[PDB]
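Visitor:
Protein chains: 2
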Amino acid sequence: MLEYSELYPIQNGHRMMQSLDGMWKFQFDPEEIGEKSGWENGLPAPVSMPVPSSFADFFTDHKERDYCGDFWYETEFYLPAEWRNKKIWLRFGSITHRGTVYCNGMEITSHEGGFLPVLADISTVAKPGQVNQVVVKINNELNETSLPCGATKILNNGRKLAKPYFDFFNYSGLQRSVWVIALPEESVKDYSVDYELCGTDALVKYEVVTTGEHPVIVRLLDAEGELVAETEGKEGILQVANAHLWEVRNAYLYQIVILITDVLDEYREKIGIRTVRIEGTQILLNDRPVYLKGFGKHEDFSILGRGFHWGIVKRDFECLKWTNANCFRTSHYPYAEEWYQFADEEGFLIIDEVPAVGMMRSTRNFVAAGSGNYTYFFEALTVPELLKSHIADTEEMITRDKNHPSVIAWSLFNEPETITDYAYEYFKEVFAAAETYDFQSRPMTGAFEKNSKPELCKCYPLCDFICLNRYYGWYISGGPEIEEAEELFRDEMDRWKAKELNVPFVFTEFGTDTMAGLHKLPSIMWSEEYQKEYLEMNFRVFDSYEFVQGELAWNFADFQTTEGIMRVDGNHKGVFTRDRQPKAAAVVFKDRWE
Amino acid sequence: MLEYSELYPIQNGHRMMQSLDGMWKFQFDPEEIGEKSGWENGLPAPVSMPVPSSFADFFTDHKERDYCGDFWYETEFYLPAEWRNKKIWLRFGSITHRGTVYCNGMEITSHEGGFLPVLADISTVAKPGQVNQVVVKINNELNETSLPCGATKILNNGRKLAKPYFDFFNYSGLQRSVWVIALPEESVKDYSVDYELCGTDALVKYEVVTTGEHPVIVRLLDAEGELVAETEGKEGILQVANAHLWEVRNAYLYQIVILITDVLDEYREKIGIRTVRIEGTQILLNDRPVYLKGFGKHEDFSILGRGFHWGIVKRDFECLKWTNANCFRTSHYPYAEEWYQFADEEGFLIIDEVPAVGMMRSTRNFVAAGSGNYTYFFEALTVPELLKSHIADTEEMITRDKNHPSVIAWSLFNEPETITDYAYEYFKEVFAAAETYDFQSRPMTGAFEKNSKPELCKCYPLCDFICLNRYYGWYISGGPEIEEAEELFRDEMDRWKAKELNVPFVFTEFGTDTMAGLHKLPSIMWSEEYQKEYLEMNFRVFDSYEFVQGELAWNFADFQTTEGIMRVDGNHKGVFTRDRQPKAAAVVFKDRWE
Ligand SMILES: [Cl-]
Ligand SMILES: [Cl-]
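The listed protein sequences correspond, in order, to chains A and A'. A prime marks a further copy of an entry chain.
Under the deposited numbering, read the first sequence as residues 1 to 262, 266 to 597, first letter to last.
Under the deposited numbering, read the second sequence as residues 1 to 262, 266 to 597, first letter to last.
1. Just to confirm my understanding: we take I315 of chain A, look at its own chain, exclude 5 residues before and 5 after, and list those with CB closer than 7 Å. What are they?
2. Please classify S187 of chain A: does DSSP put it in a helix, a strand, or coil?
3. Measure from the alpha carbon of residue 601 of chain A to the alpha carbon of each residue in A:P408, A:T402, A:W557 and A:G577, then state which is nearest.
4. Count Cβ pairs between the segment 320-336 of chain A' and the segment 346-363 of chain A' that sit closer than 8 Å; are there 3 or more?
5. Does the Cβ of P525 of chain A' lie closer than 8 Å to at least one heavy atom of ligand 3?
6. Can you give me, in chain order, the residues of the segment 518-541 of chain A that have a beta carbon less than 9 Å from any beta carbon in chain A'?
7. Using a beta-carbon distance below 9 Å, is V47 of chain A in contact with chain A'?
8. Does any C-beta atom of chain A lie closer than 9 Å to the C-beta of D572 of chain A'?
9. Could you name the residues of chain A that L155 of chain A' contacts, counting a contact when the two beta carbons are closer than 9 Å?
10. Which bits of chain A' does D441 of chain A rub up against, with CB to CB less than 7 Å?
11. Taking its Cβ as the centre, do 16 or more other Cβ atoms sit within 10 Å of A120 of chain A', making it buried, or is it exposed?
12. From the DSSP output, which residues share a beta bridge with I217 of chain A'?
13. Which residues bound the beta strand (DSSP E) around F434 of chain A'?
14. Can you list, in chain order, the stretches of the alpha helix (DSSP H) that have 4 or more residues and sit fully within the segment 440-467 of chain A'?
15. What residue range is occupied by the uninterrupted beta strand (DSSP E) comprising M23 of chain A'?
16. Enumerate in chain order the residues of its own chain whose CB-to-CB distance from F26 of chain A is below 6 Å, with the five nearest sequence positions on each side excluded.
17. Would you mind sorting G283 of chain A into buried or exposed? The rule is 16 or more other CB atoms within 10 Å of its CB.
18. So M569 of chain A' is in the beta strand (DSSP E); what residue range does that whole segment cover?
19. From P457 of chain A to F508 of chain A, what does the alpha carbon distance come to, in whole angstroms?
20. Quick one: what's got a C-beta closer than 7 Å to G375 of chain A's C-beta in the same chain, skipping five residues either side?
21. Under a Cβ-count criterion, where at least 16 other Cβ atoms within 10 Å of its own Cβ denotes burial, should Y379 of chain A' be classed as buried or exposed?
22. For a contact meaning CB atoms closer than 9 Å, what does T60 of chain A' contact in chain A?
23. Do you know how far the Cα of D57 of chain A is from the Cα of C103 of chain A?
24. Determine, using beta carbons only, whether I568 of chain A comes closer than 9 Å to chain A'.
25. Whose Cβ in chain A' lies nearer than 7 Å to the Cβ of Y478 of chain A?
26. Pair every Cβ in the segment 393-410 of chain A with every Cβ in the segment 494-512 of chain A, then say whether three or more of these pairs are closer than 8 Å.
27. When you compare only the Cα positions, how much space is there between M569 of chain A' and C470 of chain A?
28. Counting Cβ pairs, one atom from each stretch, are 3 or more of them under 8 Å apart for the segment 156-170 of chain A' and the segment 479-488 of chain A?
29. For ligand 1, is there any heavy atom lying closer than 8 Å to the beta carbon of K317 of chain A?
30. Closer than 9 Å, Cβ to Cβ, to anything on chain A': give me those residues from the segment 2-16 of chain A, in chain order.
31. Cβ of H407 of chain A' within 8 Å of any heavy atom in ligand 2?
32. Ligand 2 heavy atoms versus the CB of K535 of chain A: any closer than 8 Å?
33. Check whether the segment 64-80 of chain A' touches the segment 132-140 of chain A', taking contact to mean three or more Cβ pairs, one atom from each stretch, closer than 8 Å.
34. Assuming contact is defined by CB atoms lying nearer than 9 Å, are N574 of chain A' and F320 of chain A' in contact in what I supplied?
35. Ligand 1 heavy atoms versus the CB of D21 of chain A': any closer than 8 Å?
36. Give me the Cα-Cα distance between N505 of chain A' and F311 of chain A', rounded to the nearest whole angstrom.
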């Protein structure tokens with residue numbers, strides 16, 4: 001279990017917080033001489049770099065956009081003098097992909113994983129009342145011992161080029177907000193809630209972790225601040241009579257309030276009373292079935308790359324609502340915590356995905372996810388280091404996101420090898436670990452490439468429901484062969500039906516690249532009309548199987564990828580353009596999903 | 001030698017001609033029951049179809065655009081009564097890809113090859129003074145015994161889908177003009193001219209073929225109609241003193257006049276006195292070196308497909324002149340005869356290409372032309388039938404085009420297998436046959452894919468000069484690897500240099516797909532800026548080798564291809580858009596080629 005708290009920062013009497021967002025100093029370190037040359041003390045010749053954002057798309061030259069290797073940030077903040085006697089942490093929403101944090105010259109901690117928060121305890125070096133310095137050494141290379149997976153090519157000048165095993169640009173930097181926070185010396189470290197429904201009434205079971213021994217009181221407030229339940233102890237049950245349940249696209253948020261007393268700490272968070280259970284082939288939310296309708300997405304916008312902005316969230320949610328979606332998948336990595344906060348208010352359902360993408364050794368991975376070629380990926384001697392990373396990223400993800408009502412499943416892989424017992428052994432461990440970290444035991448899943456065929460795949464028995472990525476009519480029998488493609492699709496769904504697994508299937512990826520404004524009569528692959536015809540055919544197949552309980556189309560919006568001959572300025576399978584405007588097919592979803 | 005004349009039709013006393021262009025009747029024959037059901041007599045339920053044009057892009061539904069198999073045309077013309085006693089032929093500029101011609105109910109002839117004229121002698125069935133009927137059964141399937149090569153997929157309904165081994169849409173139909181012509185019973189069938197330069201003076205050596213025994217007189221007129229030479233005999237030498245030579249981008253056309261006498268026939272054609280010789284690594288035109296600057300092209304325009312229109316020629320030549328080009332390659336098939344006629348007036352140099360494309364078994368042939376995978380193509384038992392077709396298409400091409408001054412080389416293959424003695428044996432025969440059909444023995448060549456490596460290729464010793472297709476910085480080390488690509492290019496050109504072959508090299512294909520209006524700073528593959536950077540780098544490499552004597556960039560204009568995931572509405576490697584407007588890179592050529 002973890003040496004820090006994953007809880008979002010708040011500001012009350014006992015807990016303080018100050019934003020470090022703004023313009024930082026930035027400098028590339030291509031010869032990797034920073035540590036030995038005093039950069040922990042300040043950067044020798046930096047530039048200005050916005051935070052949060054991704055560094056790549058600001059520059060005007062290739063070597064800098066495509067930089068791969070070591071690079072540094074530095075900034076300076078004044079701590080209020082009133083934060084003596086408090087524990088003081090730096091909280092980075094993310095450090096992509098790995099980094100060591102230095103503060104006032106001292107190395108505080110290093111982290112691996114570029115999509116989950118990083119906590120640095122600077123209590124012993126922070127100078128309250130004075131100006132303080134923070135310096136972060138970051139690395140954005142890809143390998144097969146960390147997620148997401150890939151490789152690093154050295155070119156003739158010795159400069160490094162990222163060669164990912166995934167299909168999305170390797171944005172990196174400090175992409176999410178950065179805080180400095182003050183906690184009490186005895187503090188709430190973690191807590192977990194589970195829900196039971198008793199007719200109209202409800203139980204909120206909870207457990208609490210603290211950095212101390214003092215008694216804990218837990219209060220639960222309704223939307224208007226009035227009290228509805230109170231229990232003493234670090235373990236308890238809250239009784240909410242005539243409970244107001246969090247519903248799909250109709251949220252109700254209670255407020256939990258955790259206290260440590262003699266009052267030493269207070270933590271407050273919005274939660275939603277709802278239950279998630281798989282009965283047979285159905286997904287039950289509050290004991291009634293739900294059908295998932297929505298999109299795979301990316302944290303991706305012009306200029307900012309993966310940088311968080313609230314304006315992107317607002318628009319992306321006003322578009323999801325306009326299509327009448329109810330659900331999205333945080334593909335292929337946990338998002339910024341603000342996305343889940345807002346999903347909670349709006350009643351969207353989230354499949355939360357750990358970044359286990361790239362577990363097949365292929366640099367053009369999307370044509371290759373149906374080629375039939377096994378890459379011997381889980382037979383290699385780096386696999387134990389990889390497994391340790393994957394489990395640690397699952398643990399940090401679940402701890403961070405488990406108390407959001409919108410999060411209803413965990414996706415623990417996208418398009419890996421599953422056709423050999425080497426991969427069963429691997430994934431069995433991962434699921435085992437995820438089952439222990441989630442106090443609610445909500446459904447665990449992953450998304451399968453076409454190569455994980457019903458006859459050969461070893462891993463679908465680990466899944467509570469099964470997610471399929473399928474491109475019938477695009478990478479398989481596309482264009483004039485599109486009727487062959489429908490058959491082949493039905494052929495496979497027939498074989499899955501024949502297995503009588505009695506579990507739900509969700510299509511988590513299907514789509515066509517579509518250039519906005521390419522019209523052709525008759526339609527051709529890449530036009531707007533072909534996208535509509537494609538979707539109308541996948542819909543017919545989905546609607547032919549009682550156990551298909553969900554469609555998450557790929558993608559919500561055009562996004563940026565590694566450049567290559569099959570990628571025309573990124574990936575054009577969006578239903579919206581990258582500036583968040585709808586292609587002709589968005590209307591297809593809107594109508595179907597009403 | 002051939003049972004018909006390849007000479008363009010003219011109209012004088014002795015030779016008459018009438019156009020059949022207009023709206024014809026058209027009908028698909030998917031069950032292939034036309035012959036047995038009386039369609040030779042008239043079509044049972046036809047539609048209207050323009051001639052010349054390609055049928056595919058008129059329709060609004062897939063099954064008809066993508067039709068593959070048998071299909072029929074029919075029209076009706078009145079012959080003047082005055083054409084009794086004349087021999088009467090139908091002349092189709094083309095019938096793509098194969099066809100049997102019926103006239104007034106009788107089968108006249110069938111043809112194989114879809115890019116060269118088809119002559120049908122209807123003398124014995126034509127009814128002068130009445131209305132006559134012509135009916136053509138056509139087939140547009142692809143195989144490995146005819147050119148260009150491919151395959152035919154049967155889908156689940158039994159309908160056929162063309163699966164070409166080449167990268168261009170399988171347009172088909174009656175794509176060029178169609179005449180009915182009247183000849184004298186004793187007529188000029190063929191003639192050939194060769195040129196010698198004697199200081200300021202010149203010799204036009206000629207031979208003539210007739211369908212008879214009567215004496216032949218040959219006259220040569222200058223631009224203004226005045227006489228400059230006369231010789232009796234079917235074999236002769238014309239002495240032109242103070243000759244006016246056809247020059248690059250500065251043409252002079254004399255007029256040859258062939259007569260049969262007692266006067267029984269007259270044939271007239273414009274020719275240009277010029278010489279083509281390869282001395283060492285130089286291409287000499289009129290004994291001085293020339294550097295080829297221009298484009299590979301296609302017969303390709305919106306709506307019309309491969310249909311000929313003079314307006315396309317005019318605009319395409321006003322664009323070539325604007326880029327300061329001097330040369331193009333009729334890739335990948337002989338064009339309509341009007342293109343060469345106009346090249347003669349404008350002084351452009353032409354590499355004339357027989358349609359020997361597809362001689363490697365691959366349906367995504369352009370990523371595969373550098374993959375390294377041999378397809379065992381010339382070891383197969385269809386190869387002798389294929390060779391017979393290729394030689395017959397070379398023979399018909401050369402006979403048709405040999406007397407154009409603009410035609411200065413023959414390309415006899417594009418991107419075939421060359422790395423085994425199976426293919427040497429094949430191509431040795433082809434060159435042997437082409438050498439016999441060309442009275443001027445002008446240079447013979449072909450274009451090589453990257454897979455025909457210097458160490459392995461068996462076929463470059465047959466070539467008078469060597470043509471290379473290379474995509475360094477696009478299908479090989481493109482994008483951020485573009486400096487690796489330059490090296491690799493130089494590595495190969497170094498190996499060719501080391502072979503000290505002392506022959507000229509012409510790059511006949513290099514380019515990048517470029518979406519008009521995609522700008523990015525820094526540039527990415529597919530943008531307009533990347534095209535410029537690509538070209539500026541290939542130019543540096545070309546300019547580093549004394550023996551590179553030509554650059555023909557691919558392509559002059561965006562054109563239509565089989566639809567697929569790597570083709571965004573056709574092929575975007577044009578320097579012009581398909582509507583004949585310039586991308587940013589066209590200006591690069593303009594400046595370099597002044
Ligand atoms: Cl640059
Ligand atoms: Cl249709």
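Just so you know, even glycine gets a beta-carbon here, dropped at the ideal spot from N, CA and C.
Guide: Working from what's here:
1. Translated into the one-based positions of the first sequence, residue 315 of chain A becomes position 312. Excluding sequence neighbours, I315 of chain A sits near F304.
2. As a working mapping, residue 187 of chain A is identified with position 187 in the first sequence. The answer is coil: DSSP assigns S187 of chain A none of H, G, I, E or B.
3. The requested residue 601 of chain A does not occur in the structure, where chain A is confined to residues 1 to 597.
4. yes
5. By its list of ligands, the structure shown excludes ligand 3, since it contains just ligand 1 and ligand 2.
6. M518, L521, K523, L524, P525, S526, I527, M528, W529, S530 and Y533
7. For this step, residue 47 of chain A is matched to residue 47 along the first sequence. No, because no Cβ of chain A' sits closer than 9 Å to the Cβ of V47 of chain A.
8. Position 569 of the second sequence, counted from the start, is the residue given in the question as residue 572 of chain A'. Interface residue (Cβ-Cβ distance to chain A less than 9 Å): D572 of chain A' is classified as such.
9. Translated into the one-based positions of the second sequence, residue 155 of chain A' becomes position 155. Those are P483, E484, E486 and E487, listed as they occur along chain A.
10. As a working mapping, residue 441 of chain A is identified with position 438 in the first sequence. Those within 7 Å of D441 of chain A in chain A' number zero; the least Cβ separation is about 39 Å.
11. In the second sequence, the residue the question calls residue 120 of chain A' occupies position 120. Buried: at least 16 other Cβ atoms inside 10 Å.
12. Counting from 1 along the second sequence, the entry for residue 217 of chain A' is found at position 217. DSSP, once it has assigned bridges, lists A':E232 and A':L259 as partnering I217 of chain A'.
13. For the purposes of this step, residue 434 of chain A' is taken as residue 431 along the second sequence, with counting starting at 1. Where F434 of chain A' is concerned, there is no enclosing beta strand (DSSP E), although the alpha helix (DSSP H) it sits in stretches over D424 to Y440.
14. Runs of the alpha helix (DSSP H) inside the segment 440-467 of chain A': none found.
15. One-based indexing of the second sequence puts residue 23 of chain A' at position 23. Element bounds for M23 of chain A': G22 to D29.
16. Working through the first sequence from its first residue, we reach residue 26 of chain A at position 26. Taken in chain order, the residues that qualify are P46, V47, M49 and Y73.
17. Walking along the first sequence from the start, residue 283 of chain A turns up at place 280. By the neighbour-count rule (16 or more Cβ atoms within 10 Å), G283 of chain A is not buried but exposed.
18. Counting from 1 along the second sequence, the entry for residue 569 of chain A' is found at position 566. No beta strand (DSSP E) contains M569 of chain A', which DSSP labels as neither H nor E.
19. Position 454 of the first sequence, counted from the start, is the residue given in the question as residue 457 of chain A. Position 505 of the first sequence, counted from the start, is the residue given in the question as residue 508 of chain A. The straight-line gap from Cα to Cα measures roughly 13 Å.
20. Here the question's residue 375 of chain A lines up with position 372 in the first sequence. These residues qualify, in order along the chain: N454.
21. One-based indexing of the second sequence puts residue 379 of chain A' at position 376. That one is exposed.
22. In the second sequence, the residue the question calls residue 60 of chain A' occupies position 60. Per Cβ cutoff of 9 Å: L524 and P525.
23. Sequence index remark: in the first sequence, residue 103 of chain A carries index 103 (1-based). Sequence index remark: in the first sequence, residue 57 of chain A carries index 57 (1-based). Going by the C-alpha atoms only, they are around 28 Å apart.
24. In the first sequence, residue 568 of chain A corresponds to position 565, counting from 1. Yes, its Cβ sits closer than 9 Å to a Cβ of chain A'.
25. Counting from one through the first sequence, the residue named residue 478 of chain A turns up at place 475. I568, listed in chain order.
26. no
27. Start at 1 with the first residue of the second sequence, and residue 569 of chain A' comes out as number 566. Start at 1 with the first residue of the first sequence, and residue 470 of chain A comes out as number 467. Cα-Cα distance, rounded: 27 Å.
28. yes
29. Residue mapping note: residue 317 of chain A aligns to position 314 of the first sequence, counting from 1. Outside the cutoff, so no.
30. none
31. Numbered from its first residue, the second sequence carries residue 407 of chain A' at position 404. Closer than 8 Å to some heavy atom of ligand 2: that does not describe the Cβ of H407 of chain A'.
32. By 1-based counting over the first sequence, the position of residue 535 of chain A is 532. Checking every heavy atom of ligand 2 against the Cβ of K535 of chain A, none is found closer than 8 Å.
33. Between the segment 64-80 of chain A' and the segment 132-140 of chain A', the count of C-beta pairs closer than 8 Å reaches three or more; the two stretches touch.
34. Translated into the one-based positions of the second sequence, residue 574 of chain A' becomes position 571. Translated into the one-based positions of the second sequence, residue 320 of chain A' becomes position 317. Taking 9 Å as the Cβ cut-off, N574 of chain A' and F320 of chain A' do not qualify as a contacting pair.
35. Here residue 21 of chain A' refers to the residue found at position 21 when the second sequence is read from its first residue. Because no heavy atom of ligand 1 lies under 8 Å away, the Cβ of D21 of chain A' does not count as near it: no.
36. Taking the first residue of the second sequence as position 1, residue 505 of chain A' is located at position 502. Taking the first residue of the second sequence as position 1, residue 311 of chain A' is located at position 308. Taken atom to atom, the span from the alpha-carbon of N505 of chain A' to that of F311 of chain A' is near 40 Å.
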